[PDB]
Structure formats: structure tokens, C-alpha cells
Amino acid sequence: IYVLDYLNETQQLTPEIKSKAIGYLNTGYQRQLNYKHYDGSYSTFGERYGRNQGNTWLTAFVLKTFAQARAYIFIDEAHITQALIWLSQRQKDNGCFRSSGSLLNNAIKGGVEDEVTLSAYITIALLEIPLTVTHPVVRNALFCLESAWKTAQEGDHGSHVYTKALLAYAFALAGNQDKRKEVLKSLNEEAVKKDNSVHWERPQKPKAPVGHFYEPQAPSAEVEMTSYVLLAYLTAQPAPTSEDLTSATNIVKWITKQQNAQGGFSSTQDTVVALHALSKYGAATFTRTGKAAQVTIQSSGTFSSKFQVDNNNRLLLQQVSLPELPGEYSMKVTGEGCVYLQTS
Amino acid sequence: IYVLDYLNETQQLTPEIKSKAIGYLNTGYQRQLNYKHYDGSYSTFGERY
Amino acid sequence: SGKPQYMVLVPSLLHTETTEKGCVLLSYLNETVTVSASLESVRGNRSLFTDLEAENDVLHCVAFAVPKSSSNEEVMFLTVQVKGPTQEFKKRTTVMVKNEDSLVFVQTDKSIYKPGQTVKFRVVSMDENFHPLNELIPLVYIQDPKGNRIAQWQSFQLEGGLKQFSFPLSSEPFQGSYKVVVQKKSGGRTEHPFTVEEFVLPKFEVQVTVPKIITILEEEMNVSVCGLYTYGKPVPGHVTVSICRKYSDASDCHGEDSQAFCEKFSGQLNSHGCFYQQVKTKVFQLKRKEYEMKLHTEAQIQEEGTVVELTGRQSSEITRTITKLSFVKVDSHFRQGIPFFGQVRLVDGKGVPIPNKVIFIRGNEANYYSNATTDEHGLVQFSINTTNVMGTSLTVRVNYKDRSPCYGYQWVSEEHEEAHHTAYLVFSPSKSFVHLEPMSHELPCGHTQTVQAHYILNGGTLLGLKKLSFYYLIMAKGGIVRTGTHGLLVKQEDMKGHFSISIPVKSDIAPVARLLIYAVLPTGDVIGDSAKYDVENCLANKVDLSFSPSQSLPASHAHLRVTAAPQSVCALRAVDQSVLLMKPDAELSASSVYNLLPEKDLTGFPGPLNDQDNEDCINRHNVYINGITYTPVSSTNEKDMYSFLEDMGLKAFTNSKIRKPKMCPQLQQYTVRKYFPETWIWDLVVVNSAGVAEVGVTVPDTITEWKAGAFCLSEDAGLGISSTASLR
Amino acid sequence: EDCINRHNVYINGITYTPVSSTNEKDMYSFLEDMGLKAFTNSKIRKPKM
Ligand SMILES: *[C@@H]1O[C@H](CO)[C@@H](O[C@@H]2O[C@H](CO)[C@@H](O[C@@H]3O[C@H](CO)[C@@H](O)[C@H](O)[C@@H]3O)[C@H](O)[C@H]2NC(C)=O)[C@H](O)[C@H]1NC(C)=O
Ligand SMILES: *[C@@H]1O[C@H](CO)[C@@H](O[C@@H]2O[C@H](CO)[C@@H](O[C@@H]3O[C@H](CO)[C@@H](O)[C@H](O)[C@@H]3O)[C@H](O)[C@H]2NC(C)=O)[C@H](O)[C@H]1NC(C)=O
Ligand SMILES: *[C@@H]1O[C@H](CO)[C@@H](O)[C@H](O)[C@H]1NC(C)=O
Ligand SMILES: *[C@@H]1O[C@H](CO)[C@@H](O)[C@H](O)[C@H]1NC(C)=O
Ligand SMILES: *[C@@H]1O[C@H](CO)[C@@H](O)[C@H](O)[C@H]1NC(C)=O
Ligand SMILES: *[C@@H]1O[C@H](CO)[C@@H](O)[C@H](O)[C@H]1NC(C)=O
Ligand SMILES: *[C@@H]1O[C@H](CO)[C@@H](O)[C@H](O)[C@H]1NC(C)=O
């Protein structure tokens, strides 16, 4: 569905694959419906015996996917509302939700099952819905989140990375642009900038004896941390700026080069979230209409240069080389249609 | 679906019964898809053999 | 001294279009506190905000109120917030909402008509209370037998809270069973069926008095027949009757008269009174496989050739069960620190007790087998010493664990019903508890009641204080109808025994009468136990009827009167009940008004919502018997305060130890001028501050039982019900 | 012979929860591993119901 978003945003879409995916969607949806809880929740098996309680994280993932499927195609609001109240019922007055564990595997998931991160993925997948940031539940969540950020932050360690960035995104949803950029800067604190782009890891090794092979209880969760960061810098109320989108593009380059040739990425989680972030990247930047750019580069040494970027040459790359030991190089662009420019 | 036709023709209709039966119908549609032959045909049981 | 506490109570099945009330305890330190129960919809936004200053240890009950909403039904998040200067409490759950249906209904002029006749009926509006409301109606109409909507009246409003309509039928319009029906803004629909047909007026209801209930051990049977008439006079003539067993050994299918043994009796009505008969039940073989008795009695009224029948007491069950004791004041519960007693009854057969017949008590897992007998009423009182195990299941019988006559031949139909009842106990980690001795029987009204309770307090105020309160509530109708309080100055460290209360039965309380009451510990715990009382059909606005006496010789000047509230109104009915001898009316009683309701009672939360789950799991790796051997993990099953207050019908917010300390499941997994008969009165009256007396005028040559019905209303009191002035 | 099987486990305190065996050592077992047997009335055996 985030794939379809990719197609639509980037415009690379035929009705054929579109109908194929549609049939895929309806089928997977209903196969999911066979595994739910009559409360509204979801487990890996569920039905044909009430000898269980459903999970949460799953149901939140479900909620999100249901949201976007709504965003194009038809789906019952009843189910989101039921899963929502179910979440609430697994809410504490002051504490967060609880990992009501009924899963089978964890590489499916992109965190450490920390209750705060759990709640965090929940509430953020919530606020992607049309939601009043002043809602009761989410207000309570935000108290969790805020307290949680403080203890993460003032304490030298709070997982140092991912907890913190997901916090960043929920803060982004709020209106708390101040808190947003603050924890954003805390993410930039342990920054992992590269030759031509940036990223983060988890803390580059787990300190305890770990690993050996197969990513056992540790799927390395390396991208989705950046995906939500690619939301983090991005999304706000009015519209975005330079700096946000610069850092975005950096990690976007990290992202697409981190893309896997077999298809997708290392997993489904990272894949979904990257595609969401890239889609909205385009949904801002990629103006399918904006088609009349024009540019001049001017250096004080009158090393002139003139180009154009348009839909017909959309993926073009009009490189041009540069001799002046001192840079005096004044960029200038105009018109319509987004451009990413790179020099070294 | 002919009931829905009726509901829409005779104009006695709300979006809610609509949504309910939509879910019903996507479901039963798919359950039927699980009884086909790969040629395109259908049967009482079909799939899995 | 003790811990700081709070508590706040409310139903789950809210209503709309009125206020609905809950209540609140606060108490214990830094009591300069406030609250607010925030009702805030989940999707989008809305808020029926309410705020309130918080005192201590008092029950003031605020009644917020409700508008309509977007959808008809929904959940609703409730969330409370409390703020003391040094304390607080915020706590939430879900609640049911419902853009309701007002329970509404009709009274008609008739339950029958003939050619060329004219409908006359009325209808009602209501709220939760029966204090009526003013609103507007989409439509009410009439429906022929064939779906042919036969008229219309539309877009009318209710200020009376009733309204009254009419219509003329043509010469030969539709035969069969007519139908008159409504619908509402939401779409809720409702009827008042009836028929149009032809008939000669009956001046006689054949009537009998013959066993409702013959049973197994019956060798013959009593039969009696009585012809009421005009004026209840005694009638002459001939009568014939058919006491009948049903559904005979034949196949019943298309060649076989399923009407099994009909014994036919020919009686000749003497000059006065009643024909009598004693009938033998041999030929019916009141035994294994022959069916319920049906009995048809038919009077050839002389000088008329007319006969009619009344299937009298059709539903006779000749039940294998006999000596059928019955529990009456059977408790649901018991405790490990109480002398409890189920006060128990016995009856047999027809519904009458025997005195002085011995029975056997069975005490199972309390090991109380014993013997007792019957009194004048078959009323008995076992009572049991209790230092026993959790789950108890009880009985006493007059025979033993088998059907003494030829049990398992598959062809025998005798039984002794045996006493059956299950009772549970409280959880109380204090080991302190309450339990009550209700007045468990038919509750009157126009009275009150004192209600004894038994208070057991292990430790009581552990440190606490010398004084402690008592707080009782009676909701009904899913509502709240009354409330109040009490307390006692607590003996240091013992278990002081007995005291009681009062409660009135003015009105406003449904056929339900739930009671609870709970006496808190400032430690942060509480106890309390339930109740239930079969209120009888009793009302707020009182009324009866009175009239200038019976007078034949149609003196037109003739009155009728009612007492009622001083600024009020009445809608009224008279009938020459000849046509309405031929057929009854339909369910015209105050109980009808009661049972029409949305959720007469509320026990158990509604559907969609589930629970209020907690996190506090307590599972040990193993239960840790330091001693004999490690006993493993498993659940329990007993009764709870949470459960008391959910079976109540409702919910509250605290942090006391209410719900049991239930545990997580296993995480690990794999001279006379004919004026109109068949109607006397269909008209309307207002109630001055001293009562009406209308002049409903005499009518000729129409001589019978004439029931006549009354309805009334007011903003301040409510609706109107009272019985028949037979101005014969 | 001594069977201490309660009808229900009488697990006084908060709730009731069932029974099962142990797996622990005994004088009985010390002396059996030792090699021998003895006669004595005392409480040596775990009272295995
Ligand atoms: C792809 O998804 C979009 C929803 O995001 C479907 O609706 C499209 O919505 C976009 C908004 O991003 C529309 O573009 C608009 O263009 C107008 C000028 O015509 C401009 O004023 C707005 O600011 C906005 O940029 C777009 O018109 C609308 N439909 C399209 C793209 O034709 C869209 O239908 C989906 N495309 C599919 C299913 O392939
Ligand atoms: C319900 O079924 C109808 C098909 O009968 C679906 O299409 C609807 O068709 C009707 C015609 O029967 C359309 O009404 C039109 O009104 C215009 C005036 O505005 C008139 O010029 C046309 O001759 C015609 O009478 C109607 O617009 C059209 N869509 C509707 C009813 O919204 C309809 O989609 C079905 N509705 C559903 C999905 O429930
Ligand atoms: C809340 O509900 C009101 C009711 O009309 C609506 O106007 C409003 O848009 C909703 N949200 C907010 C933020 O007020
Ligand atoms: C309010 O209650 C708390 C809770 O026990 C108590 O410790 C305190 O002395 C009281 N007064 C305050 C907090 O000023
Ligand atoms: C039945 O009628 C007889 C007289 O015929 C009377 O003695 C008896 O009390 C009545 N009731 C019975 C027998 O159940
Ligand atoms: C029941 O036991 C009592 C002793 O209290 C005894 O008098 C009576 O005879 C017993 N019942 C029967 C059936 O004998
Ligand atoms: C009931 O008998 C039991 C026998 O154990 C005894 O402990 C208890 O005291 C008796 N009841 C009362 C109220 O004394």
C-alpha cells in the first residue's frame, strides 16, 4: 500500500499491477480478519478458540495499514475503532500500554518491545490517523512519552537512538516543534554521517555477548529508525524548509542504496516505513505538474553555467565540472519542479 | 446485492447498512475465490486438490 | 492516620434526553479537592464536561445530562479527573451511549370493530421517568391486512404527551385483522393490533373453575361451570363441555384427528348458580405420553340458541415433578465467618404446602447432612456453621437420588423435584466482610422497610479512627432513584454484630429494587454486598375512580369522578364490554408501561465493551508450599465487589482492592331512545385542584358488565392507571 | 499409607491453586543411595500423598 503510494507519488503506475495489488489487498485483509479477536484485537491465530488474549503491536500495525487502505480503498471504520478502544483498555492512567505478548517472532517488528516504544509506535500510528492531538488518550500517552524522553535523555542512555527518534516523530505530530527539534538534535548528537549521506544504527554493537549469527532476538532494525527520522525532519504543520529536506535527502540516498535487489528491504517493517517516508517525500517534492524550471549558476569569476530539469528529463543528471580553487559559486534556480543538487 | 439494489432503488438506504454489507460482500467474494479452479471455473470445494 | 480515598459510581447503559445521575465518595486528608467526570468521545471531538468541588466522606449526587449525538449508538470513553491540593486521581473507562427510543404505546377504543365503524385511539410519549416530554412525531398510520396503508395523518406534535385520533371506515372495507402502527425519527416502530370482522353481541361469558393443574397422583378431577351474563345474573339453559387430552396415539397427519381423548359432559343449567361435575381422569391416562389438557366449555344459552366457549386453563401441566419444594428466601451467598441461613419453603402440586413431612438436608463440602420437616406453610429454616471450602452447592429433598417409581424404563413420568441452588462467597483479604438478610419476598409500596445487615470486621480500624460510615444506594431502571447513608462508631478491635436501616417505597423505583451498601476502610479497602427486591407495580402519580352509583332506568344525568394531582389531565375510556366480552383487550396494566421499557433492569455491562482489565498479575514461578509439597498454579472462582457492582448494573472508579488479585495466564507458550352502543366514553378532562366529576350520560337497553378505563398525566407526578368502574 | 490429599487444596490466603508432587531429596533416599534399609516409626519419608 505504501508501494502503491510509491507508484502514485512517483507516477509510475499502470492499472494492471494496480488491480493485481488490489486483489492481493482484499485477500490479505480478509485472511487477517480470520485471525482477530471479537473485542477488536488481533492475534496470530485467535478464532476457533477463545483461549488467548490478543497482542497489541500487531493490532497497531494493523491499524496503520487499515488507515492507508482506507486512504485509497474501502475498509470498515468499525475495526479501527474497536482496536482503538482495546488499546485504551490496555492503557494505564499514568503508565503506558503493556506488551500483552502473544506473538510468534520479532524480526517482524522493528524495536525492543520496550513498553514506552511500544506505546510510542502505537500513538504515532494513531496520530497518522486524523486525530486531535488534544485527545484524552494521547494526552496521557504524551505524558508517558515526555517523562520517558526525560529519563532517556538526562540519563546518559535511553537506548540512545530509536526510542528517541520515535519520540521525535510523535513530538512532531503534537505541535511540540520545540521538543521535536530538541530530540532531533539529540539524534544528530550521535550522528553517523558518511561520505555522501548519513544514518544511525543502534549503538553500533550491543555491549553484552551477542550476535554469533542469524540476528537472534536482534534484527538490527537499522532503517526504520531512519525512516521515521525521514518523517521526523519532514512533517510539520505549515510546510517544510531547507535543512529538514537536506538531511532527508541524505538519508534517502542511504535508504535507496540500502534497498535490496531481491525486492523490498531486509524486512517488511522497515520497508513499509521507508516507503511511507519516501512517498510523502515525493508527495511534497515530486510535483507531477511542476514542469517549468530554470536555473543559472554564477561565480564571481564569471564561470557561467545554465541548465534545465523537466519531466521529460526527470531523472537526468546534467553534471558540470569546476576549476576555481576558491569557491565563489552562487546558485540560483527558479520556476517549478524540485531539484536535488550535489557537488564535491 | 440485489437487496442492496433494492435498498438503493426504493431509496430506503443509510451508509451504515451499506458499510456492513460491503464488508460482508468482500468477505463472501473472497470465500468464493477459495472454491475455484485455476482455469477460472468453480465448484463446491475445488482448491487444495 | 489512614489512607486517602475516593469513590464514584454510575451506570454503564446511559440514556439521553434527560439527566442521569451517579454519586461520589471522597474522604480522608487534604480534602479541599475537586473532580470532573469527563465524557469525551474518542473519534473527532466532543465533551459533555462536568466539574465539581470535592468535600470529604459525603454522598452528594450530581446528575449531569445528555444531548443527542451523531450516531445512534456508540461507545463512550468516560474519563474522570480529581485534583486535591496534594492528591489527585484521573481514571477512565468506556461507557455505552444511545440516542434512545422513547418507550411509547397506544390505547384504543376497541379491540374489535364491525362494518361502518370508526377508530378511536390515543398514544403516549415518555422519558426515562414517566414524567412526559414534549416532542414532534414523524407519522402514525393504519395498515390493512394486505399491506394497503388505508389512510394517513402526519406531522403532529405532542404537548399533551398523548394525542387522540380518529377515522371513519367505509361500508365494506377490508375484512381480516387490521393493524395500526407508528414510527419514529430514529425509525423505531410500534403497533396496536386488532381486527375488523362481524359478530353478534354476546350477553354471556361461559365461565368455569376447573383445575389449572391436575398432576400425577390424581384419580379423578373436579369440574365446575358458571354462566355470568348481563349484570352477572345467573343464566338458565343447557351446556356442554369437553375436557380433553391432546395429540393422541395416531399420527396427526392428514388422516388422523390429533384431538386425543375428549371427555364430553352435557350439563343443564339450573335456575340459579352453577352446574357442577366431578370427572374421572382414568380414560386420559394421566401418564407417560399423552399431552397437556385442553378444556372447552360451551353453554347452549336457552331462548337464544347462542353458544360460546372459553378454553379455560389450557396450560395444565400434569408434571412428573411433585412434592415440588421451592426456594424463596434462598441466599446466593455465604461466608467463612458468618452464621447464614437460607430460609426455605416447600409446596406441592397445585401450589399449596403440606405441614409435617420430614426431609433430608444435604451439606456438600460443608458436610451438613441433616433432617427437617414442614410447618403450616412448609416454611423451614435451615442454618449452617461455616469453616469450609470455597464452592458450595446445596439441597434438601423428601426422596433420594433416584426416581423411586420405575425410573429408567424410558416410559415413566413421575418425579420429585429436588432443591437446587449454588452460592458463592466473597473475597476479602481483610477477612472482614458483610452479608445481608434481605426481606426477600413480594415488596409492597406505599410503605417503607428496615433492612438488617451483619457487619464483620477483622481488625476494623487497624490504626484508622473510632468512627466509620455506611452508604447505601438504590438505583432502578438502569437509573438512580434513591440514595442515603449511615455509620457507626467502631469498637476498637472486635466484630460488632447487628443493626438496620430504613428505606421508603414512595415511587420512582422499578419492579427492580437493587440494593447494595459498602463500608469502607480508610486503609484503602472495602466490603459490601448486594440485594434485590421484587417491587410491585407501583407508581408516582396516584389515581383511582369513583362515580355516582349504578342506576338502571337510563337516567341520563349520571356522573363519574377521579382523584388525581391538583393540576393535571386525564384520558379516559368506557365500554359496554359485550363486544369486549367476546374478546379481551390487550395487556392494559401499569406493568405494561413498566415492561415496555428499554432495559427494565440492568445487570451486566452491555455487549461491545468488555471489561476493565488490570495489570497486577501475581504468578509465582511455583506457588511455594514451604512444607508438604509445592502446590501449582491455577485460578479461583468466587464472588467480588467489582462483581457485585457490575451485576448491580454499573461501574465506579476507585483504587481500592475491589477486583480479585487475578493473575496473568501462562506467558510461556510453544321510553328509551337508542343512543350509541359499543362505546360510552371517549373524551378528555382536566384536573382542577379538587378533582373532576364529569357527567357521562346513561345509555339505553344495554345491560352488561361495562369496564371503563382511565389514564392521566402531569409534569410533576406522571402517568395514570386505575381499574374498572362497572357502572352496570 | 498417609495420604494428605485434600478434596480441594485449602490454599489459604488470596486464592486456591491445585497440588502436585515435589522432586527433592530424603533421608530415605540418602539411605537408599547409601545402600541399605532401616526400620523406624519417625518421619523420614516425605508425606507423599
Ligand atoms: C494518488 O493519490 C491522490 C491522493 O493523494 C489521488 O488524488 C490526487 O490528489 C492530489 C493531491 O496531491 C491531486 O493533486 C492536486 O492538483 C491540484 C491541481 O490540479 C492542486 O491544486 C493540488 O494542490 C494537488 O496538487 C490530484 O489531482 C488528485 N488526483 C490525481 C492525482 O489525478 C490520486 O487520484 C491518486 N492517483 C492514482 C490513484 O493513481
Ligand atoms: C444506485 O444505483 C444507481 C443506478 O440506478 C447508481 O447510479 C445512479 O443512477 C441514477 C439513475 O437511476 C442517477 O440519477 C440521475 O439523476 C440525474 C439528475 O441529477 C439525471 O439526469 C439522470 O437521468 C439520473 O436519473 C444517479 O445520479 C446515479 N448515482 C447516484 C444515484 O448517486 C448509483 O451509483 C447507486 N448508488 C449506490 C452506489 O448506492
Ligand atoms: C469537534 O467537534 C466540533 C462540533 O461541531 C467540530 O466543530 C470541530 O471541528 C471538532 N474538532 C475541533 C478541533 O473542534
Ligand atoms: C496529605 O496527604 C498525604 C498522604 O498521606 C500526607 O502524607 C500529607 O501529610 C497530607 N498533607 C500534605 C501532603 O500537605
Ligand atoms: C371437589 O368437589 C367435591 C364435592 O363434589 C368436594 O368434596 C371437594 O372438596 C372438591 N375438591 C376436590 C375434591 O379437589
Ligand atoms: C431425621 O433425623 C431425625 C433426628 O433429628 C429423626 O428424628 C428422624 O426420624 C429422621 N428422619 C427419618 C426419615 O426418620
Ligand atoms: C459453628 O460450629 C463451628 C464448628 O467448628 C464453630 O467453630 C462455630 O463457633 C459455630 N458457630 C458459632 C457462631 O459459634
# chains A, B, ... in the order shown; residues from 1 in each chain; ligands from 1
call {"tool": "select_by_dssp", "arguments": {"residues": "region 104-336 of chain A", "states": "helix (DSSP H, G or I)", "output": "ChimeraX atom specification"}}
result
/A:115-127,136-154,162-174,177-189,224-232,242-258,269-284,311-313
call {"tool": "residues_around", "arguments": {"residues": "residue 9 (chain D)", "least_positions_apart": "6", "cutoff": "10 Å", "atoms": "only C-alpha atoms", "output": "number ranges by chain"}}
result
C: 389, 631; D: 16-19
call {"tool": "write_last_selection", "arguments": {"atoms": "N, CA, C and O atoms", "output": "mmCIF file, in the first residue's frame"}}
result
data_model
loop_
_atom_site.group_PDB
_atom_site.id
_atom_site.type_symbol
_atom_site.label_atom_id
_atom_site.label_comp_id
_atom_site.auth_asym_id
_atom_site.auth_seq_id
_atom_site.Cartn_x
_atom_site.Cartn_y
_atom_site.Cartn_z
ATOM 1 N N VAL C 389 -14.780 -25.031 52.582
ATOM 2 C CA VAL C 389 -14.090 -24.713 51.333
ATOM 3 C C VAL C 389 -14.942 -23.832 50.422
ATOM 4 O O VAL C 389 -16.148 -23.672 50.638
ATOM 5 N N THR C 631 2.387 -26.952 45.719
ATOM 6 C CA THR C 631 1.122 -26.830 45.047
ATOM 7 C C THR C 631 1.296 -25.933 43.812
ATOM 8 O O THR C 631 1.964 -24.897 43.898
ATOM 9 N N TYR D 16 -7.079 -20.173 45.731
ATOM 10 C CA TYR D 16 -6.840 -21.604 45.756
ATOM 11 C C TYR D 16 -6.289 -22.085 44.419
ATOM 12 O O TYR D 16 -6.701 -21.649 43.341
ATOM 13 N N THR D 17 -5.336 -23.008 44.517
ATOM 14 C CA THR D 17 -4.494 -23.434 43.410
ATOM 15 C C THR D 17 -4.050 -24.868 43.690
ATOM 16 O O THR D 17 -3.779 -25.209 44.847
ATOM 17 N N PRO D 18 -3.948 -25.728 42.656
ATOM 18 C CA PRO D 18 -4.028 -27.177 42.881
ATOM 19 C C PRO D 18 -2.740 -27.751 43.434
ATOM 20 O O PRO D 18 -1.842 -26.989 43.794
ATOM 21 N N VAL D 19 -2.644 -29.073 43.521
ATOM 22 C CA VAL D 19 -1.480 -29.746 44.074
ATOM 23 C C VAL D 19 -0.747 -30.545 43.004
ATOM 24 O O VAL D 19 -1.268 -30.818 41.926
#
call {"tool": "closest_atom_pairs", "arguments": {"of": "chain A", "to": "ligand 3", "cutoff": "10 Å", "atoms": "only C-alpha atoms and all ligand atoms", "output": "CSV"}}
result
residue,atom,partner,partner_atom_place_in_ligand_line,distance
A:131,CA,ligand 3,13 (C),9.3
A:132,CA,ligand 3,13 (C),6.6
A:133,CA,ligand 3,13 (C),9.3
A:134,CA,ligand 3,13 (C),8.6
A:135,CA,ligand 3,13 (C),9.8
call {"tool": "residues_near_ligand", "arguments": {"ligand": "ligand 2", "cutoff": "12 Å", "atoms": "only C-alpha atoms and all ligand atoms", "output": "ChimeraX atom specification"}}
result
/B:1-19,21-22
call {"tool": "write_last_selection", "arguments": {"atoms": "C-alpha atoms", "output": "compact mmCIF listing (two decimals), in the first residue's frame"}}
result
# COMPACT_ATOMS: atom_id res chain seq x y z
CA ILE B 1 -26.55 -7.31 -3.72
CA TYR B 2 -29.95 -7.39 -5.29
CA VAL B 3 -31.06 -6.47 -1.79
CA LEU B 4 -28.71 -3.53 -1.94
CA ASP B 5 -30.04 -2.66 -5.38
CA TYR B 6 -33.48 -2.68 -3.76
CA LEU B 7 -32.26 -0.55 -0.90
CA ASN B 8 -30.79 1.99 -3.36
CA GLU B 9 -33.68 1.83 -5.91
CA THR B 10 -36.53 2.22 -3.39
CA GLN B 11 -34.23 4.85 -1.79
CA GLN B 12 -34.60 3.43 1.72
CA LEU B 13 -30.86 3.45 2.49
CA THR B 14 -28.26 4.56 5.02
CA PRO B 15 -24.46 4.42 4.74
CA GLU B 16 -24.29 2.10 7.74
CA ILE B 17 -26.15 -0.96 6.48
CA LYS B 18 -24.22 -0.12 3.33
CA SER B 19 -20.88 -0.44 5.07
CA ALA B 21 -22.96 -5.35 3.68
CA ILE B 22 -19.83 -4.10 1.92
call {"tool": "interface_residues", "arguments": {"of": "chain B", "to": "chain A", "cutoff": "8 Å", "atoms": "only C-alpha atoms", "output": "list in words"}}
result
residues 19, 20, 23, 26, 27 and 30 of chain B
call {"tool": "select_by_dssp", "arguments": {"residues": "region 115-324 of chain A", "states": "strand (DSSP E or B)", "output": "PyMOL selection string"}}
result
chain A and resi 294-295+297-299+305
call {"tool": "write_last_selection", "arguments": {"atoms": "N, CA, C and O atoms", "output": "PDB file, in the first residue's frame"}}
result
ATOM      1  N   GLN A 294      13.995  26.578 -14.305  1.00  0.00           N
ATOM      2  CA  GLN A 294      15.060  27.284 -14.995  1.00  0.00           C
ATOM      3  C   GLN A 294      16.082  27.722 -13.961  1.00  0.00           C
ATOM      4  O   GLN A 294      15.726  27.983 -12.808  1.00  0.00           O
ATOM      5  N   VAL A 295      17.345  27.779 -14.367  1.00  0.00           N
ATOM      6  CA  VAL A 295      18.465  27.885 -13.444  1.00  0.00           C
ATOM      7  C   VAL A 295      19.578  28.721 -14.048  1.00  0.00           C
ATOM      8  O   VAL A 295      19.752  28.788 -15.269  1.00  0.00           O
ATOM      9  N   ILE A 297      23.783  29.281 -12.549  1.00  0.00           N
ATOM     10  CA  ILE A 297      24.852  29.315 -11.562  1.00  0.00           C
ATOM     11  C   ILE A 297      25.773  30.458 -11.949  1.00  0.00           C
ATOM     12  O   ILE A 297      26.107  30.616 -13.130  1.00  0.00           O
ATOM     13  N   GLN A 298      26.167  31.261 -10.967  1.00  0.00           N
ATOM     14  CA  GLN A 298      27.033  32.408 -11.193  1.00  0.00           C
ATOM     15  C   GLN A 298      28.121  32.414 -10.134  1.00  0.00           C
ATOM     16  O   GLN A 298      27.829  32.357  -8.937  1.00  0.00           O
ATOM     17  N   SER A 299      29.369  32.434 -10.581  1.00  0.00           N
ATOM     18  CA  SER A 299      30.519  32.572  -9.704  1.00  0.00           C
ATOM     19  C   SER A 299      31.042  33.983  -9.909  1.00  0.00           C
ATOM     20  O   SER A 299      30.776  34.594 -10.949  1.00  0.00           O
ATOM     21  N   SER A 305      27.015  29.128 -16.223  1.00  0.00           N
ATOM     22  CA  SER A 305      26.506  27.781 -16.390  1.00  0.00           C
ATOM     23  C   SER A 305      24.988  27.850 -16.359  1.00  0.00           C
ATOM     24  O   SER A 305      24.408  28.561 -15.535  1.00  0.00           O
TER      25      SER A 305
END
